[PDB]
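Single-letter residue listing:
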Amino acid sequence: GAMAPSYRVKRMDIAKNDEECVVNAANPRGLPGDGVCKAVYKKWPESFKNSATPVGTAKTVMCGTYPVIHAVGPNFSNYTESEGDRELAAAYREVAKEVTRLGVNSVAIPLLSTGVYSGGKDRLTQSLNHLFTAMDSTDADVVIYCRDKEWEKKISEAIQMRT
Ligand SMILES: [Cl-]
Ligand SMILES: [Cl-]
Ligand SMILES: [Cl-]
């Protein structure tokens, strides 16, 4: 547990994170994928041994002693808005269980289902609110990683709003 558990946001590649573990925005088949998933594959390829897991779940695989939590958000191209929302909330709840089980003091996390799984919609607020619902009861320092300058400002505002 962190002495004063916090949320922060950084605009940079999550493969360069300064946290005790990382959450991959994984596909269900444990494939290298694109975006965050391909950066994670290049940095921690050993963590993709038996990383396949269903939508709405998280599966942790160690790269050395460094934990990679593979979290599979829904692809909103394939899911209804209702069932996709349920699966996206569930994936973050499994991330909070894994972060707790590992006993880490810090975790690097991307916004699940906001890139090529977004079904072409802006899901910043939907994804970030499910992240908060899951992670608020954990005592890890959470550092959210993003790539877009306007998203950084909006995530930072949402964090500061709760204080
Ligand atoms: Cl970078
Ligand atoms: Cl995505
Ligand atoms: Cl982004």
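Here the numbering of residues is sequential along each chain, from 1 in written sequence order, and it may depart from the entry's numbering. Residues without coordinates do not appear. Starting at A for chains and at 1 for ligands, labels are handed out in the order in which the entities are written. In computing side-chain values, all of the structure's heavy atoms are included and hydrogens and water are not.

Trainee: It is not clear to me how the overall build of the chain should be interpreted in this structure. Could you clarify?
Mentor: Counting from the N terminus, the helices are DSSP H or I runs at least four residues long and the strands are E runs at least two residues long. Along the backbone of the chain there are four helices and six strands. Starting at the N terminus and walking to the C terminus, you meet the elements of the chain as β-β-α-β-β-α-β-α-β-α. Taken against the 2.2 N^0.38 rule, which gives 15 Å for 163 residues, the C-alpha radius of gyration of the chain at 14 Å falls within 12% of a compact globule. Each principal axis of the C-alpha atoms in the chain carries an extent, and together these give about 40 × 35 × 25 Å. Relative accessibility decides the category of a residue: with a 1.4 Å probe and only protein chains considered, values under 20% of the type maximum give buried, values over 50% give exposed, and everything between is partly exposed. The 163 residues of the chain split such that 50% are buried. Restricting the contact set of the chain to residue pairs at least 6 apart, pairs at least 24 apart contribute 67%. For the chain, the exposed area adds up to about 8300 Å²; of that, 49% sits on carbon and sulfur atoms. Across the chain, the mean location of the 21 positive side-chain charges is 5 Å away from that of the 20 negative side-chain charges. We compute the radius of gyration over the C-alpha atoms and compare it with the globule rule, which gives 2.2 Å times the number of residues raised to the power 0.38. Should any heavy atoms of two residues lie within 4.5 Å, those residues are considered in contact. Note on areas: Shrake-Rupley, 1.4 Å probe, and residue coverage restricted to the protein chains presented here. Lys and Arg are tallied as positive, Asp and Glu as negative. Neither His nor the chain termini are counted. Here the site of a charge means atom NZ of a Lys, CZ of an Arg, CG of an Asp or CD of a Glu.

Trainee: Can you walk me through helix α1 (residues 36–43) in this structure?
Mentor: In an α-helix, one turn spans 3.6 residues; hence positions three or four apart end up facing the same way. Turning to α1, its buried residues are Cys37, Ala39 and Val40. The buried residues of α1 occupy an angular sector of 160 degrees when projected down its axis, which confines them to one face. Of the surrounding elements, those touching the buried residues of α1 are β2 (22–25) and β4 (66–71). It is the directions from the helix axis to the C-beta atoms whose arc is reported.

Trainee: Would you mind showing me how to read the packing of aromatic side chains here?
Mentor: How two aromatic rings sit relative to each other is set out by the distance from centre to centre and by the angle between their planes. Ring pairs shown here join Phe, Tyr and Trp side chains whose ring centres sit within 6.5 Å, with only the six-membered ring taken for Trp; geometry is labelled stacked below 30 degrees between planes, edge-to-face above 60, and tilted in between. According to the stated counting rule, one finds three aromatic pairs in the structure shown. With 4.8 Å between their ring centres and 70 degrees between their planes, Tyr7 and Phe132 make a pair best called edge-to-face. Remark: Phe132 occurs in helix α3 (residues 124–135) and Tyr7 occurs in strand β1 (residues 7–11); sequence separation between them is 125 residues. Comparing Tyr7 with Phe132, the two get one shared label, buried. For the ring pair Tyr41 and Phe48, a centre distance of 5.1 Å and an interplane angle of 85 degrees mean the geometry is edge-to-face. Only when the NZ of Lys or the CZ of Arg is both within 6 Å of the ring centre and within 35 degrees of the ring normal is a charge said to sit over the ring. One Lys or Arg, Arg123, reaches over the ring of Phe76 and ends 3.6 Å from the middle of that ring. Seen from the ring of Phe132, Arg162 lies directly overhead, with NZ or CZ sitting 4.0 Å from the centre.

Trainee: When you look at the pairing of strand β3 (residues 58–63) in this model, what are you seeing that I'm missing?
Mentor: When a strand is regular, its side chains alternate between the sheet's two faces. Any two strands with at least two DSSP bridges between them are considered paired. Bridge count for β3 against β4 is six bridges, and the pairing is antiparallel. Counted as the bridge partner of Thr60 is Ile69 from β4. Hairpin connection from β3 to β4: two residues lie between these consecutive antiparallel strands, with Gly64 at a positive phi of about 65 degrees.

Trainee: Honestly, the pairing of strand β5 (residues 106–110) in this entry has me stumped. Any pointers?
Mentor: Of all five residues that make up β5, five are buried, and the element is covered over most of its length. Covered by surrounding structure in β5 are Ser106, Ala108 and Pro110 together with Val107 and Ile109, the residues of both alternating faces. Two strands pair when backbone bridges link them, and β5 and strand β6 (residues 141–146) are joined in this way by five bridges, in the parallel orientation. Bridge pairing links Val107 to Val142 in β6.

Trainee: Explanation requested: unusual backbone geometry in the structure shown.
Mentor: Keep in mind that most residues, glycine aside, have a negative phi and that most peptide bonds are trans. Positioned with a positive phi, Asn50 is a non-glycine residue whose angle comes to about 55 degrees. Its place among the elements puts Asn50 in the loop between α1 and β3.

Trainee: How should I be thinking about the nonpolar core in this particular structure?
Mentor: The tendency in soluble globular proteins is for nonpolar side chains to be buried as a group. What makes a nonpolar core is a set of buried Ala, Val, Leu, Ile, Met, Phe, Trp, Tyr and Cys residues whose side-chain atoms join them at distances within 4.5 Å. In terms of nonpolar packing, the biggest core is built from 32 residues, with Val95, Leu111, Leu131, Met135, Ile144 and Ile155 touching the most fellow members. Counting only elements with at least two residues in this core, the list comes to β1, β4, α2 (81–102), β5, α3, β6 and α4 (149–162). Contacts of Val95, omitting those with residues within four sequence positions, involve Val23, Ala58, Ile69, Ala71, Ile109 and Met135.

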